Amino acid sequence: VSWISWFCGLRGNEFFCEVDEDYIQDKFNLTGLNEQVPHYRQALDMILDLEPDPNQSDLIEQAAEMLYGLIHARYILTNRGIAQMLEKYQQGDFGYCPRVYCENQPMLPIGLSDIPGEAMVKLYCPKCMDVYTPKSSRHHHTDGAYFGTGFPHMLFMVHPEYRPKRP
């Protein structure tokens, strides 16, 4: 299986969509990340299933997870990313609002910060418009910066018709 499909299918990574490798291969989309993660080349090769050009292997795997997360945060602000997250949303992959009166409204992932290492991913309910902590501990080690502070708002700007019927 591809590294991306594998990563996204791991327990705890249910909120991630699979980034189109074509988006990753257009180098301009990754601008700046070359100075934001360790082992940039080896991590990117891993993400793209390229032949690896141990102690180091663990560090490279960690680097790949970080780089993929940062790429993901950018991707979900683009047409493909938004569409894929919208499909996951319709399937309830991110869970449902715990408020009794929101009647299991599906939620969307959101970051309290765009800086890695500041907060773990939270969930935004479009109905009550509040942010919640994931009910499952399997999601408590997923960095919110891989989803971002502006993702839900961008999704609704592009797909206003999904905005809860509570204006």
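Throughout, rigid core stands for the largest set of C-alpha atoms superposing within 1.5 Å between the two forms. Counting begins at 1, following the sequence as shown.
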_Fitting on the rigid core only, I'd like to know which of the two stretches, 111-119 or 54-62, ends up farther away in Cα terms in 4 other deposited structures of this protein._
54-62
*Consider 4-12 and 158-166 separately and indicate which one has Cα atoms farther, on average, from the shown form in 4 other deposited structures of this protein after rigid core alignment.*
158-166
*Would you class the number of unmodelled deposited residues between residue 35 and residue 36 as none, 1 to 3, 4 to 9, or 10 or more?*
none
*Mind pulling up the entry and telling me whether 12-20 or 148-156 has the higher mean Cα temperature factor?*
148-156
_Quick check: 64-72 versus 136-144, which has the larger average CA B-factor in the record?_
136-144
*For the listed residues 29, 113, 42, 55, which one has the largest C-alpha B-factor as given in the deposited model?*
55
*Have a look at 128, 47, 121, 108 and flag the one whose Cα has the highest B-factor in the entry.*
128
